[PDB]
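Protein chains in written order, with the authors' numbering: chain sm, 3 to 18, 30 to 154; chain sh, 54 to 123, 133 to 144, 154 to 161, 173 to 225; chain sj, 2 to 109, 111 to 112, 202 to 220; chain sz, 12 to 32, 57 to 91; chain sf, 0 to 245; chain sy, 2 to 107. Remarks on the structure that follows.
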Amino acid sequence: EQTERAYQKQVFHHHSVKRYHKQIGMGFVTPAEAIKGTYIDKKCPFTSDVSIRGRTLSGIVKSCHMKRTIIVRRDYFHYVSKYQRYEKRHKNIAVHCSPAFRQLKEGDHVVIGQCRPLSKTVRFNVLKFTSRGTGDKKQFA
Amino acid sequence: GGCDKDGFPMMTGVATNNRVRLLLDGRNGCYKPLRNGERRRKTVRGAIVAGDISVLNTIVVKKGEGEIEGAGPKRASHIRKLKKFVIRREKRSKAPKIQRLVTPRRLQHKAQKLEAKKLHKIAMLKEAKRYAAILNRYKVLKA
Amino acid sequence: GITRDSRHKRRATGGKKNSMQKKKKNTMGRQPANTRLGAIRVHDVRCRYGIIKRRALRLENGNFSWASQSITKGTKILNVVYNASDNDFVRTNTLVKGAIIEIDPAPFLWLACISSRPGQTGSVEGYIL
Amino acid sequence: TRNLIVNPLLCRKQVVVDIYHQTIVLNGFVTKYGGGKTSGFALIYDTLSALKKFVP
Amino acid sequence: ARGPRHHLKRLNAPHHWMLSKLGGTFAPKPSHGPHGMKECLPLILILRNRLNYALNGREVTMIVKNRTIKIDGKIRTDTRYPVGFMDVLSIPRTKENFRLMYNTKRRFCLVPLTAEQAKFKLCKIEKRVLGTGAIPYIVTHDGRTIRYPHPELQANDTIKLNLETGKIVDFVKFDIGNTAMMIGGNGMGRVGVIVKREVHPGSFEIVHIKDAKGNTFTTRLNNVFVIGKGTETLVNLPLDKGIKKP
Amino acid sequence: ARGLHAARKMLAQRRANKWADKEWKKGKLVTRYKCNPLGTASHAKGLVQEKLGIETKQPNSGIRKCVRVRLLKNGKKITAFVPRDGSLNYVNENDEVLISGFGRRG
RNA sequence: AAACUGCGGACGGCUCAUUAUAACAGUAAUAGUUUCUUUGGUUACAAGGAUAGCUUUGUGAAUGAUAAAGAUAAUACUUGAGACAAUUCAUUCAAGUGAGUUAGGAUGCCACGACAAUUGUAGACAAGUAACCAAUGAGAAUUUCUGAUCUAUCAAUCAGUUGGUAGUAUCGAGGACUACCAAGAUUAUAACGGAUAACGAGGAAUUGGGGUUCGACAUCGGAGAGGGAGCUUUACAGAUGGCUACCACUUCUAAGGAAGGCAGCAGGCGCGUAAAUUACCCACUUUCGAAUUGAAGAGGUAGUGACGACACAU
RNA sequence: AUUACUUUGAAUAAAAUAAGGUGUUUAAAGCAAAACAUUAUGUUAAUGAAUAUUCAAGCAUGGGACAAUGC
């Protein structure tokens, strides 16, 4: 929890120190691991001061090799007017994943939501995750 | 101070003694910024007066009317220093507009200004006090 | 001047970015003013929209606060003993947020960690560990 | 003639004079093909002071 | 552009001013104030075209600067003052008290009023916030920050304002039994009855408005403007009575 | 590849197969500004430096008069026909001549 | 009149070199920032110095050139009262909104701290000012999602590069920058690179349908002022009909030195197949200003005009 | 359980396109005007096209046949 040069403390820290956890908006239940958990994260949507604004997307988790941050691949179809046919496409989105989802792994469908720019590319935040099958390499966050 | 053989102000700050090609501007007093932030880097003259300085006109100097070749009070705390004691001048006597002795047009400055101002401020306080007073019915019955 | 746009960085794919326009004042940066330890000296920087930032160049005193006793008292800072980011800040005693500074408890009669932005607000304010 | 508008603020009357063949304004006249009928706007400023001041 | 603009090209002007495309290069840019750029009719356009008092801008400045216009209770002397919604306009010299309401043709209309009914004007609350020192206040659609309000004056109600006094006369809540006038898009300038408001947490609040003739048309909550209570109008509706003919 | 989702190949097939167009490829690849003595110009101004007589093709006998013209932009040399009958007499040397293609597009 | 002071020249006008997910179009966020003008509202019968126009003496060929001395004003520059607000930090109580240790209140020190020490005698009533809340803002600026032409004689690319923590800087998020730690990020769904005679869109030409080609140019968005760079002023400029230096040019010269930036309007040279008057007026539209009055090569009028379009002689 | 598909909207700068009206002598045009009160009066608070759209995305909703993604 405290394995760094500076003291790791929550953005909203108070005595009774307490554990602070707000809840995000349109019907996303806060996970249990973020209530009793002792992790510290200033970018977690539940236990920090990052909102969840308009845009909301979904995709398949592909890469879980960066610290508390994952890559979400969205597959869709693009329509070409001349041929009246579709074509497969994809766009990778780098999204933050708080330690509240310990069981998240590569290949699991995840619902993500917009927040303020947290990095050069990271602008979305993980909201909920549904697990899927195994592929011989269980790579967790 | 003085000019130069080519009629050039001996840039004071620049304690040199030679036409000083340098950022010329109001700062130097040898140029007027034509436009916004217009510092016309230009030659001038070194403060130190010397060899080729024509006109001299004030190094350590005074009137000496150069040498080359090498109206009254009109405010009134200051008019006092020296109404009836103002220094007029000359068939169209045109004494200046006196200011700050009480500024004898103090009838206007009392008709307006403080009494015309404090009356409204002391007024506005009561409604400020009264309007908050009728907000005691804000939560007395709503809650 | 120092710039803060992303037009000078590489893409997420590693590809270089090809410029289109010159520098602009919106993304203007400014030189750091490492507030060392010494006599009082601040400068008023005229930022955007006319607002004024107090740029503390050197400071000696700060209004430290004690959380337990609910008391805030002025004190003279002694020595910067720890910086979580750069150990070279300790050698030069540069005052930045989060710097662990030891102070004399002369008015405390009645170790510190800074919690203000001296280079932005213009003074040192902290608390007692 | 045609439409008349009463303007007190400009102290004038805006009337479209139809011709069926120092206090007035005569402008904006356009006839028909080969002459004949001609239309126009008539502005009356009553007071000479209006014409003395209310003119571009 | 390095800063705020000052000119307005004729074709970039809002469509609901009906400016001739060959009239001229520029259009009168409405100065800032109570009403937005696209929600207001500049005072010059009200007199040159709607009322035809002044033929050109030479004769518009000769009027507004002559203290001959009283926007709301106060008097304005700005040639391009933003004259927006039902904020009353009065000319004491000609003894007429107009009002700028909408109509079914997406256009600002000058509804004539009597002297008595021109002394008041309806406002729509935009938000209510608590000031420092616990001094609550509300903001109307005219940008007015009214002082200590009624405790029940919530975000999206409608209040009655007085020009002479400045107090709040009557207030209408936002419910499913009220008459509303439309300030929006397709439904712009239509009167009706609020019957249903379906809520989506994400982006917008959608309100179904039933017309007098049984026509039902939906809209966004922003465009709704309550005009009365219990199928009653507090002001004289325009000539078409807020009715739309298919 | 007629499938519903097969618009990627349906499009790549047309991009590649359009380069076999002898005429479409001509107006797209970069030789009109290098190989063409005219460029995109409708006409051209040049200087005369030789008068030529070209013998006709096999089913004809005669001498089609011509000139050798050097332009002012490229500097290349081009053989130019003389339009009408007896028009070689009116031509001279070191004079401006306007040169405008022929009936067929280059 | 002139001068100081205030406001403006950051709008308008021109051009299309740069630019290939950059810009731009629709869309969404700013609970991640925000001024100027304008609007609603809230918060000692009077002090102090100097300065221009003014006078006088001058220089230099000269610029919209500049020197000394003698004075004289403020709604220019300051002190000071008539008695809070807003900023930072630490602690704490807590109701709208989809959602906030959130608006807001309470405690303790720190910085800042006013409602001109103001103006008409006539158009008590105006007028003016300093901060702070809300509007104007759908505005500006960053940012989310989707969308672009040809090329594989371009198949692997990136090292502040991808992420984390602390700080720094900014109006503000952010590797934007710095220190430490990890090895990550993109790619056959075409990454990276190359070409463009590439500014993007609304749109134009032609079309039975499907489409193909075009768009510098009315309007909107972007960028630039010979080429880069660096800055001052102010609310907004990395301004160039502002300044500094270097690179490259042009002009005056008393030979000592000095200014200049027509991708503004006319006009000239050159270039080419290829393109108009060195005219008049702010009266229409609108903008700027101390404001009904001045200015505007914006705008209008006039001249040239077989680019085009409409009706119509012999 | 989502997506895709399809139907309604919401929202959506103008100019331009199609288009409604209107005798600029017709037409291109312009959004002006006039049947008329034989006109100051009223028609008149006159007309301003609903102007329809607009592809690829984005929001909501009615339907689940044809398709896609794992349990």
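All C-beta atoms in this analysis are idealised placements derived from N, C-alpha and C, irrespective of residue type, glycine included.
Ranking sf:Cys122, sf:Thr76, sf:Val110 by CA distance to the CA of sf:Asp169 puts sf:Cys122 first.
For a Cβ distance threshold of 8 Å, residue set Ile16, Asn18, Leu20, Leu21 of chain sz lies close to sf:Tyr52, ordered along the chain. Residues of chain sz whose Cβ lies closer than 9 Å to the Cβ of sf:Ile62 are, in chain order, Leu20, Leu21.
In the displayed model, sf:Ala12 falls within coil according to three-state DSSP, outside both helix and strand.
sm:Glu46 carries a helical assignment under DSSP once its states are collapsed to helix, strand and coil. Rounded to the nearest angstrom, the gap between the Cα atoms of sf:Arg105 and sf:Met187 is 6 Å.
Scanning chain sj for C-beta atoms nearer than 9 Å to the C-beta of sm:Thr5 yields nothing, as the closest lies near 13 Å away. The residue among sf:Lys240, sf:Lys243, sf:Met180 with its C-alpha nearest the C-alpha of sf:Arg219 is sf:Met180. The three-state reading of DSSP puts sf:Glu95 in strand, counting E and B together. Scanning chain sm for C-beta atoms nearer than 7 Å to the C-beta of sj:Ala13 yields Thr134, reported in chain order. Rounded to the nearest whole angstrom, the C-alpha separation of sh:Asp78 and sh:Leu87 is 9 Å. Beyond the five residues adjoining it in sequence on each side, sh:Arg93 comes within less than 6 Å, by CB distance, of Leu77, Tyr84 in the same chain, given in chain order. Residue contact check for sy:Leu12 against chain sm: a CB pair falls below 8 Å. 8 Å or more divides the Cβ of sy:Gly40 from the Cβ of sy:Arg71. Between the stretch 29-45 of chain sf and the stretch 72-83 of chain sf, the count of C-beta pairs closer than 8 Å reaches three or more; the two stretches touch. For sj:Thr73, the enclosing beta strand (DSSP E) begins and ends at 72-83. Rounded to the nearest whole angstrom, the C-alpha separation of sm:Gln12 and sm:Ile37 is 17 Å. Using a CB distance cut-off of 8 Å, sm:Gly67 counts as an interface residue toward chain sf. Relative to the Cα of sm:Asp62, the nearest Cα in the group sm:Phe153, sm:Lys151, sm:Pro130 belongs to sm:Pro130. Per DSSP, the beta bridge partners of sh:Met64 are sh:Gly99.
By the rule that beta-carbons nearer than 8 Å mark a contact, sh:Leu207 does not touch chain sf. Taking sf:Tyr136 as the centre and dropping the five residues before and after it, the same chain places the C-beta of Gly130, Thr144 closer than 6 Å to its C-beta, in chain order. Beta-bridge annotation (DSSP): sy:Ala81 is paired with sy:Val68. With respect to chain sm, the C-beta atom of sy:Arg16 has no partner C-beta closer than 8 Å. sm:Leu117 and sm:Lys31 have their C-alpha atoms spaced approximately 27 Å apart. Taking 8 Å as the CB threshold, sm:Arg87 stays off the interface with chain sy. Residue-level contact by beta carbon fails for sm:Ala47 and chain sj, as no gap is shorter than 8 Å.
Linking sj:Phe90 to sj:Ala34 through their CA atoms gives a straight-line distance of about 13 Å. sy:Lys66 sits close to sy:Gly54, with the two beta carbons spaced by under 8 Å.
Rounded to the nearest angstrom, the Cβ distance from sm:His109 to sm:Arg81 is 6 Å, consistent with a contact under 8 Å.
Relative to the Cα of sm:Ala45, the nearest Cα in the group sm:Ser111, sm:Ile106, sm:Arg145, sm:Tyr9 belongs to sm:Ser111. Residues of chain sf whose Cβ lies closer than 9 Å to the Cβ of sm:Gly38 are, in chain order, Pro200, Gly201. Going by DSSP, sh:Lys199 is part of no beta strand (DSSP E) but of the alpha helix (DSSP H) stretching over 196-215. By the beta-carbon neighbour count (other beta carbons within 10 angstroms, threshold 16), sy:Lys58 is exposed. sf:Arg189 is positioned such that its CB atom lies closer than 8 Å to that of sf:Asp210. For sz:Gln25, the secondary structure class from DSSP, reduced to helix, strand or coil, is strand.
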